[PDB]
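Just so you know, the sequences run in chain order A and B.
Numbering-wise (this note's numbering), the first sequence opens with residue 17 and increments by one.
Numbering-wise (this note's numbering), the second sequence opens with residue 2 and increments by one.
A virtual CB, placed ideally from N, CA and C, is assigned to each residue, including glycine.
Reading through the structure tokens given below for one structure.
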Amino acid sequence: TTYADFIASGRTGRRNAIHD
Amino acid sequence: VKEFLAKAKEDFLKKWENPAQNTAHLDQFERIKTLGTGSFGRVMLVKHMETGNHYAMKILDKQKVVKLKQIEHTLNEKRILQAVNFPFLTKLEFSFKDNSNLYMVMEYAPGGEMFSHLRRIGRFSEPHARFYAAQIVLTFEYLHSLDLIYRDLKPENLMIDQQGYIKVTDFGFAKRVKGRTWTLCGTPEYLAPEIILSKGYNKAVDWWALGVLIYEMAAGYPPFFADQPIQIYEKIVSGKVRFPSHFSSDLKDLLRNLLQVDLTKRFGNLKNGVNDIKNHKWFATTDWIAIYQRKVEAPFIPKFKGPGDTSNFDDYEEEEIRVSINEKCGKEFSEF
Ligand SMILES: CNCc1ccc(-c2ncnc3[nH]cnc23)cc1
């Protein structure tokens, strides 16, 4: 499931703003 | 609305052109707990001793701001937040700087981040998501009318108050701009395609970001996700999104018009402006005046327990607030 794929991803914690 | 906004602009412009400066000092506050931390700096719960009022105090290390090339952006944040006033925004109550740091003092929202509740609960019902969305639509209408673009909508930046209403905070990338702008900024999942494609862009990126937020609130995950930002960007520009089967017809239709790569068709960006959104069928049950007036019953209210209670926030390592004996970056932040 999409939910299962999200939860297994490295991006369920707080997301940082992009740098450059 | 037009009338309200006219007067709001007059109020804003006086403060925009003559910013408040040096309106408190660190020694007037008792630090209590770190509520968040990262490249944005730190935000702490503090108590103002003379009144016993609690506030959220954002602390930026001037040297760190300089290394990150965020001088002008930080000057934007402070100048904007001291000039605005809106129910679903955290305006500055005070600001000041010392040898080492910049400080911005704002209303404390004790209910925690939307991010925390969304992740724990998993997803929000459509009525729950709509209640929050309505507040963001009104806030953007306000901000945009003042020529401000927000540029970092996400659950991590939306604080829930004691009444269960929200406050948009962290204006580190907010900017007053009448034309187009070009800075590559934001959070990967929420970036409009035109930002990724390095085009000049405008306030329409906030309305795309709203599409992502509503999707995430209702689905429990964002419309474009992957393990690394590059693969997220591939999905965003591709021109395709899938909706969960539980999304209502009206929700899907709203999101197809917000998450619209074509700027001539993206809701918020058309001739009729924000009313394409306010008058969409998904918002049919929304009493916009009652939302603004905070007369609507929140579908979720946080656990009370206390005035400076912090149980709705995560625990972060507590670092010193060090103040050098030497003034750092004085010229860079002279106007702060
Ligand atoms: C990424 N999130 C970091 C974070 C967490 C909590 C707050 C905050 N919490 C409570 N009240 C506030 N008023 C202004 N900001 C805040 C601000 C920033």
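Review point. Is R30(A) near ligand 1, going by C-beta to nearest heavy atom under 8 Å?
Key: Result yes, Cβ under 8 Å from ligand 1.
Exercise for review: Report yes if the C-beta of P88(B) is less than 8 Å from at least one heavy atom of ligand 1; otherwise report no.
Suggested key: Outside the cutoff, so no.
Exercise for review: Give the C-beta separation of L14(B) and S40(B) to the nearest angstrom, bearing in mind that I take them to be a contact with Cβ-Cβ under 8 Å.
Suggested key: Not really, about 31 Å apart at Cβ, beyond 8 Å.
Review point. With 16 as the cutoff for other CB atoms within 10 Å, does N102(B) come out buried or exposed?
Key: Burial of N102(B) is indicated by the presence of at least 16 other C-beta atoms within 10 angstroms of its C-beta.
Review point. Using the rule of at least 16 other Cβ atoms within 10 Å of the residue's Cβ for burial, across every protein chain shown, is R323(B) buried or exposed?
Key: Answer is exposed; the Cβ neighbour count stays below 16.
Point to revise | From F132(B), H55(B), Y234(B) and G123(B), residue whose alpha carbon lies closest to that of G307(B) | key: Ranked by Cα distance from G307(B), the first of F132(B), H55(B), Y234(B) and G123(B) is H55(B).
Exercise for review: Look at the alpha carbon of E190(B) and the alpha carbon of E51(B), and state the distance between them as a whole number of angstroms.
Suggested key: Cα to Cα, the separation comes out at about 43 Å.
Review point. Who pairs with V47(B) in a beta bridge, going by DSSP?
Key: Answer is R32(B) and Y56(B), bridged to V47(B).
Review point. Candidates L90(B), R121(B) and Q71(B): which alpha carbon is nearest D315(B)'s?
Key: For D315(B), the closest C-alpha among the options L90(B), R121(B) and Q71(B) is that of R121(B).
**Study point:** Min CB distance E127(B) to chain A below 9 Å
**Key:** Answer no: the Cβ-Cβ gap between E127(B) and chain A never drops below 9 Å.
Point to revise | Within chain B, the residues that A33(A) reaches when beta carbons sit closer than 8 Å | key: Contact annotation for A33(A) against chain B: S40, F41, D153, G173, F174, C186, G187 and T188 [CB-CB distance below 8 Å, chain order].
**Study point:** Straight-line gap, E142(B) to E157(B) (C-alpha atoms, nearest Å)
**Key:** In a straight line, the C-alpha of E142(B) is about 21 Å away from that of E157(B).
Practice item. Could you round the C-beta distance between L149(B) and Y293(B) to whole angstroms and report it? I think they count as a contact, below 8 Å. Key: Between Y293(B) and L149(B) the Cβ distance is about 18 Å, and since that is not below 8 Å, they are no contact.
Review point. Within 9 Å (strictly less), CB to CB, does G165(B) reach chain A?
Key: With respect to chain A, the C-beta atom of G165(B) has no partner C-beta closer than 9 Å.
Review point. Rounded C-beta distance between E336(B) and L76(B)? I'm assuming under 8 Å.
Key: The beta-carbon separation of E336(B) and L76(B), rounded to 6 Å, stays under the 8 Å limit for a contact.
Review point. Which residues are close to ligand 2, meaning CB closer than 5 Å to any heavy atom, in chain order?
Key: Ligands present in the displayed structure are limited to ligand 1, and ligand 2 is not among them.
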